[PDB]
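Protein chains in written order, with UniProt numbering: chain A, 265, 271 to 317; chain B, 1 to 38, 46 to 439; chain C, 1 to 439; chain D, 1 to 430. Structure, as structure tokens:
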Amino acid sequence: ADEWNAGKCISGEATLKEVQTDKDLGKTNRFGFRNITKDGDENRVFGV
Amino acid sequence: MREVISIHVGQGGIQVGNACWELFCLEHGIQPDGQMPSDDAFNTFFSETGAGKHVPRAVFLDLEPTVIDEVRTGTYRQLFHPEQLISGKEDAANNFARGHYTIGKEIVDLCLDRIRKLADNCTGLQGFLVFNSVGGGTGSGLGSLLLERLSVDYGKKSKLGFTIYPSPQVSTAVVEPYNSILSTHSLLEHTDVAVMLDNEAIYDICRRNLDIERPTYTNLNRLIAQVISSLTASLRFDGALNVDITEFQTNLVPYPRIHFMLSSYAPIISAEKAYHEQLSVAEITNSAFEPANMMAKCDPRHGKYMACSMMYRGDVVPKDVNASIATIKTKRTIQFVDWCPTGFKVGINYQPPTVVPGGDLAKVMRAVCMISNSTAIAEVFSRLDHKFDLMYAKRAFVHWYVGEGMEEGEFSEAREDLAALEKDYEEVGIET
Amino acid sequence: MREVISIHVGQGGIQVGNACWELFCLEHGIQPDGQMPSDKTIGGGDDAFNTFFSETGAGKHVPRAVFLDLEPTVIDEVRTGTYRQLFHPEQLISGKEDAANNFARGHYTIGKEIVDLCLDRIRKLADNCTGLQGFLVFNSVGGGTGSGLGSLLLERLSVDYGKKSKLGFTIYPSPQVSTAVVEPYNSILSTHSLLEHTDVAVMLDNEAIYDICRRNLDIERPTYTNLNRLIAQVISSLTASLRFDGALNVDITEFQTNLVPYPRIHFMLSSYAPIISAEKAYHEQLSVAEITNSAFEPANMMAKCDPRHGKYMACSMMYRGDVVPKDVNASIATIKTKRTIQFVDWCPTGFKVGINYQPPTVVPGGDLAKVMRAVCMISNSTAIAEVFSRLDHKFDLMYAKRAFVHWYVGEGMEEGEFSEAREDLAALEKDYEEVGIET
Amino acid sequence: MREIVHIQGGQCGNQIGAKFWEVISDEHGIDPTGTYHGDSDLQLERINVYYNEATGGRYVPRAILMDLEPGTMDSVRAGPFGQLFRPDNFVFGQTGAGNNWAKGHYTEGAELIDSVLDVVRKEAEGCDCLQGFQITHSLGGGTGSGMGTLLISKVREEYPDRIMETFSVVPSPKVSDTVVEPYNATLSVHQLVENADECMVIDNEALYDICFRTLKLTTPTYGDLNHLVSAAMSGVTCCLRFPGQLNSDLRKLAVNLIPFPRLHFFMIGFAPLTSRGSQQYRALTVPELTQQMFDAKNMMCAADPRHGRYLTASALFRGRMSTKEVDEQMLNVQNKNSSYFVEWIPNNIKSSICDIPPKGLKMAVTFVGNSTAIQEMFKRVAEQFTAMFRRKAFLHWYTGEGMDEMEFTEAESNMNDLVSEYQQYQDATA
Ligand SMILES: Nc1nc2c(ncn2[C@@H]2O[C@H](COP(=O)(O)OP(=O)(O)OP(=O)(O)O)[C@@H](O)[C@H]2O)c(=O)[nH]1
Ligand SMILES: Nc1nc2c(ncn2[C@@H]2O[C@H](COP(=O)(O)OP(=O)(O)OP(=O)(O)O)[C@@H](O)[C@H]2O)c(=O)[nH]1
Ligand SMILES: Nc1nc2c(ncn2[C@@H]2O[C@H](COP(=O)(O)OP(=O)(O)O)[C@@H](O)[C@H]2O)c(=O)[nH]1
Ligand SMILES: [Mg+2]
Ligand SMILES: [Mg+2]
């Protein structure tokens, strides 16, 4: 006269906050380009 | 009274058709189940079943089932006709011979039967729209076979193909030059209008304007769908200067050989920072001709233009359009061929584009969609020819095509046709 | 209203009767003591049991069967067994001295003082019956009392009732494996007797069942009980149509009008499927197509006969369970498309199908597993003449020098019988080989 | 539809399959009794790919176990997830081959293979639309190395159109546990190259190196190696069983990976792999996964990928990730290492995306590559074979069962021709 790792370490623990998909797919989190609209005026076509 | 029939085949065809079809139903107010909650423009894309819901005038085909399967299990299950969704058993697997001579002939009969039972209902058939990714086996083979069969079955009816070509350096498969050239040979003498829709250009667009560092296929297909709706709005919405699909083969084709063109859209812009500016007609139409805004990797600065057809939708005014065209003509960086003194066809519709909830785009009064045919398109044909020749020098991958019914020399005449086509572009481009 | 009378004569007959009556008792839910465990009341609008059991009026039921044997061993054993309260005591006819494997003892010396009692009991049983359909008879041929007494009873009922149908689930000897040495003699004699008295005969030799048990149940040490259970399952699957629902109900009358083209040709060999233990059952498909295909394969025949050496004339297939007629006829069409089974030219259509809605019952302590679908097939074939030819060979080779003849002669049997038995067996095989020719 | 049937032989293939089926059952949420207790609807959508239905509602794998000794299967039946296998499917001999290729391919093989051929024929005809066969075996053992390839030949003679995929554990000269492995390895590869559509080589020494250097746990075991190679097995067909952006089945991979008919030997890899203590420091990003993928030590074979030039390669991504970043990353990888990619076939990398990541993992990558670097395995195997054959050592054992030296000379000539023709393209330029 071998911990929990016995070949099962390929996927273990991994709380869900890791599990959500990346940080953005097909959307921009930049404050200068963020898609979300202004709060007060949700819908009125904004051009001229 | 005016109807158009839509064909989708291949992975890319099905994926882009899905995106087009939520956009159309949201535009016309049809719920996903097909019912209408609360005039008759939808006749172009839908047909009333007699009482209640409306059925889209489309057909989906694929040899590999899973995409049609997820469509049939998705939310739009109640919309499409269950036996309008033709599914095979095994995928052609990037092999054009498999999709053209081995398995596709066993499904082409069912597809033509469905075409008959769709066209019999229609009374004022305008034409055919077809979607298929060229760089795929089943898409290429089935598109070739279907266009060939429909040409003899109908004859002079107008057909438009929205082909997605491989990008200059970014591509998915490793043998797609082969089936792409073969499909070019097939559709060159069978299609009236062919639109270039490579992926990398749209990647660049969504990177530059929307600032999307990591887009997926959904955004690409949404822009493609927006282009389709912009093109088609002229038949379903009243406007000052209407244009029909049949008035494309009579405005955009100087010679029967030259019928490949590329698209552009404006404005494709985000939902917070477009919002400081007026989006005036002059600036939107300048963005339209901005070379980096082309949806294909071809430099319009490298060649002359033959013809440009632009459709405006919104509160645009013909005087402003004319003022913009005068500016474009005066600008020196854009030059036209001598034998085309005027080359701008313009249509105006008062129906502004609709916005899909949760999408990238925003909603504005004005939009323009532009279709250009120009001498510079031959660069992509030359690069594909070069890539083909590099692997054809040592007959790589040829044996698997030979073992599926292809004759050895079938690549030769495709090569000769491509050389003749690029020579024809060169001959057209010269000055008198 | 509809009833069948059962006769079990000989040791093999009794040992098959035990298993078949156990199976019937379990299937109808009657306890071994004979009392129905109540909970079948509420005006009970169905006499599912009159085919085999008749009420005493309050509680117990009695079978419509008679047991005959000359040795009191098995009869007394049954009388003292777990079913002592079930059978009617004096319908257990027991003899005094065994027939000693001799046809003459059972047909010419000792059978007279027993056949009178047996006929009297059969009369008394039939009087209470009101809608008799026919007789089933179980016997072994290679035994003295079996062959002789069965022959005499067949002759007597043939004149007492006449047109009433009778079916014989006889046990003929296997080709090589067998018990006695004198069995060809009394076998030829008994087939002589039954040819012009039995409407339908079924081949039930032992070695085929042995090999079936070896191949399917993977049991290397089988005994007579397993064979008896298989035969009982066959009988129940055949007769369930009279007492259970079905989309195509088939009476016993649909045998002597559908499986027997000519009066002389009424010998058939049966088959049964599926045959799977409890271990391999849950890992299998057990579809209608598979159980139908497995039924026609040669190695599943109840009898040592190779069907590929002969043609087919008439096949009756009964399904029980959740079977679907669409699947039934699809499987039949596939069989017809398949080549290695060929039918006779003058019989273009040759299948009679019946459907029954009661799935087979499972016996505790048994070998078979509980399944939701099963099929029983009865086939008429011209290849059956092989067993008769080989039996004739085994007969005449040792008859050439007159062995064991004195044992029959001194008991009162005329020597001339063997010659005429040889004659009509030759005539029968001639008829079989004549029918097989093409038209 | 387009499902495939699994058949395994030899103790090595049996041990591989025992873990592979366990991994697949865990992925599809099936308990040892064959009853579905999964959670997601996608878990049951394409169960027909590997499983068959039985009465009562249970599932059974369509796998056939075939061998000459009853001990190995008698052991695997007693293990967990051993009840799934069909008892009829087990076929075994009585004597065994004793690591003799002649015994396993000429004397006992011809007599025994009829039953397993009948069983596989029934299984294949049962399927509505067959896709192909997948087989696991080791070339170092006599019985597997011989009877497996004989069965390959027989199945070729019956289904010329289907695709066959083989997972071969080839013997490496460093960690050698058999003294006669060159002989049976060469005799196997002779028939294997002619018939198999796809063969993929695994090396025990490479597995040991991965387990020690990347995983960094003290006691590697055959169970761990089997689990790793089983994950490699599953990743290949995850896309056939789950939806994705660009679905690509085995035939699509065959089209995009094989330029010439005889060059169908592959080298594989799986990402990501990290130690237990470093699980929370790492960040799951496509750059990290591709850097680990194209790493040399991540490979499943001791052959150095930087010793030659890649003819082509493909990657199967699993998870929900953007396509553009994958494409640009692949382009960057092909650009920065242009010297190690053959130049006359542009854009020699295929990528496919599947939307379902493995059990409990964010994102996974399976890499397959056809490269000239595999030639060293064959070269050193041939050196060992010719050294042992020059003195005719251990030769009478093979010659005493109908085999003669003509077969060995032909096999050596064929194998040398293979390696020469395979390196012929290494220095080829346009
Ligand atoms: N723009 C765009 N291109 C796509 C899409 N899907 C596939 N493609 C293109 O199609 C090429 C490969 O062909 P696929 O469409 O994936 O498959 P296919 O056309 O059905 O032909 P098979 O591979 O035989 O099934 C890829 O290189 C992509 O560039 C899509 O949704 N949008
Ligand atoms: N399959 C099967 N055959 C049996 C069974 N019992 C007896 N036999 C057959 O009976 C034949 C011999 O006749 P027995 O039944 O023993 O005796 P018997 O028919 O009463 O005639 P005797 O001997 O004169 O009393 C044997 O060859 C067996 O084939 C049985 O339980 N199962
Ligand atoms: N990965 C792995 N390889 C194994 C295992 N058992 C044996 N092997 C390999 O099998 C090779 C020996 O082959 P052998 O057992 O003689 O094959 P057989 O003759 O068909 O049984 C060795 O080189 C081992 O690397 C296992 O459990 N896992
Ligand atoms: Mg596809
Ligand atoms: Mg007796």
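All residues carry an ideal CB built from backbone N, CA and C; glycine is no exception.
- When the beta-carbon positions are compared, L204 (chain B) and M302 (chain B) come within less than 9 Å of each other.
- A direct Cα-Cα distance of roughly 10 Å separates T198 (chain B) from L157 (chain B).
- Remark: the C-beta of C12 (chain D) is in contact range of ligand 3, defined as less than 8 Å to any heavy atom.
- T334 (chain B) and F267 (chain B) have their C-alpha atoms roughly 26 Å apart.
- The stretch 145-165 of chain C makes no contact with the stretch 35-44 of chain C: fewer than 3 CB pairs, one atom from each, lie closer than 8 Å.
- Of the residues assessed, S25 (chain D) falls on the buried side of the cut-off, its CB having 16 or more other CB atoms within 10 angstroms.
- Contact annotation for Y224 (chain B) against chain D: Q245, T323 [CB-CB distance below 8 Å, chain order].
- In terms of side-chain proximity, the C-beta atom of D76 (chain C) is found no nearer than 8 Å to any non-hydrogen atom of ligand 5.
- Scanning its chain for C-beta atoms nearer than 6 Å, with the 5 sequence neighbours on each side dropped, one finds around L112 (chain D) the residues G93, in chain order.
- For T145 (chain B), the Cβ falls inside the 8 Å cut-off from some heavy atom of ligand 1.
- Contact of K154 (chain D) with chain A is not assigned, every C-beta pair being separated by 9 Å or more.
- Annotation: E279 (chain C) is outside any beta strand (DSSP E) and is labelled neither H nor E by DSSP.
- Apart from the 5 residues on each side of it in sequence, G246 (chain B) sits with its Cβ closer than 6 Å to the Cβ of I355, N356, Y357 in its chain, given in chain order.
- As the crow flies, the alpha-carbon of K112 (chain C) is around 38 Å from that of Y272 (chain C).
- Excluding the 5 residues flanking it on each side, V260 (chain C) has same chain C-beta neighbours closer than 8 Å at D199, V200, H266, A314, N380, in chain order.
- Within chain B, the C-beta atoms nearer than 7 Å to that of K350 (chain D) come from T179, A180, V181, in chain order.
- Boundaries cannot be given for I341 (chain B), as no beta strand (DSSP E) includes it and DSSP labels it neither H nor E.
- Annotation: the continuous beta strand (DSSP E) that includes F317 (chain D) extends over 310-318.
- Classified as exposed, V317 (chain A) has fewer than 16 neighbouring CB atoms from the shown chains inside 10 Å of its CB.
- Residue state for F24 (chain B) is assigned as helix, using DSSP reduced to three classes.
- Taking C-beta atoms under 8 Å as the contact rule, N186 (chain B) and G142 (chain B) qualify, at a distance of about 7 Å.
- The beta carbon of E279 (chain C) falls within 9 Å of a beta carbon belonging to chain D, placing the residue at that interface.
- Between the alpha carbons of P263 (chain C) and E433 (chain C) lies a gap of roughly 16 Å.
- When the alpha-carbon of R105 (chain C) is set against those of C:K311, C:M413, C:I171, the nearest one is in C:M413.
- Here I135 (chain D) is bridged, per DSSP, to D:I7, D:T166.
- For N298 (chain D), the shortest C-beta to heavy atom distance toward ligand 4 is 8 Å or greater.
- For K370 (chain B), the C-beta contacts it makes with chain A under 7 Å involve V314, in order along the chain.
- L195 (chain C) and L428 (chain C) do touch by the CB rule: their CB atoms are close to 7 Å apart, below 8 Å.
- If you ignore the 5 residues before and after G321 (chain C), its C-beta comes within less than 7 Å of the C-beta of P359, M372, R373, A374, all in its own chain and listed in chain order.
- In the three-state reduction of the DSSP assignment, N356 (chain B) falls in the strand class, which pools E and B.
- A residue is called buried once 16 or more other Cβ atoms fall within 10 Å of its Cβ, and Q11 (chain D) is buried on that count.
- In this structure, C:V78 is the residue among C:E27, C:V78, C:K326 with its C-alpha nearest to the C-alpha of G17 (chain C).
- Inside the stretch 135-160 of chain B, DSSP marks no whole beta strand (DSSP E) run of 3 or more residues.
- Inside the stretch 189-273 of chain B, DSSP marks whole alpha helix (DSSP H) runs of 4 or more residues at positions 206-215, 224-243, from first to last along the chain.
- Relative to the Cα of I437 (chain C), the nearest Cα in the group C:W346, C:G410, C:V362 belongs to C:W346.
- Segment contact: the stretch 126-133 of chain B against the stretch 269-282 of chain D, fewer than three CB-CB distances shorter than 8 Å; contact not assigned.
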